[PDB]
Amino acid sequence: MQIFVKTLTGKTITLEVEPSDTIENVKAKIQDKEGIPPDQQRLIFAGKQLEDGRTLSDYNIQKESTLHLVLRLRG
């Protein structure tokens, strides 16, 4: 299945993933396309920040679900 990603500049991209992919896989696949290292990334789907170690299925996100890429203006 393919999900949507609104990247750091607001660009919508597409990602071909399988729901049994883990979040670290998605951050790796995001690094592949938009070139951002996986550890600096936060991914926010439908309000719930996805955390490392759980499954893309554990958040119940499917085709045409949009992931939001942000960094940390960590003050």
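Position 1 is the first residue in the sequence shown; the rest follow in order. In this text, rigid core is short for the largest set of C-alphas that superpose within 1.5 Å between two forms.
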Comparing 8 to 16 with 63 to 71, larger root-mean-square C-alpha distance from this form in 4 other deposited structures of this protein, core superposed, belongs to 8 to 16
Which of these two stretches, 24 to 32 or 45 to 53, has the larger RMS Cα offset in 4 other deposited structures of this protein when the rigid core is kept aligned?
-> 45 to 53
Hey, what third does residue 69 fall into on Cα B-factor, ranked over its chain?
-> lowest
On the chain's distribution of Cα B-factors, residue 12 falls within the third called middle
Taking the chain's C-alpha temperature factors as the reference, tell me which third residue 26 falls into: lowest, middle or highest.
-> middle
Among the modelled residues of its chain, does the C-alpha B-factor of residue 3 lie in the lowest, middle or highest third?
-> middle
Chain-relative C-alpha B factor for residue 47 (record values, thirds): the lowest
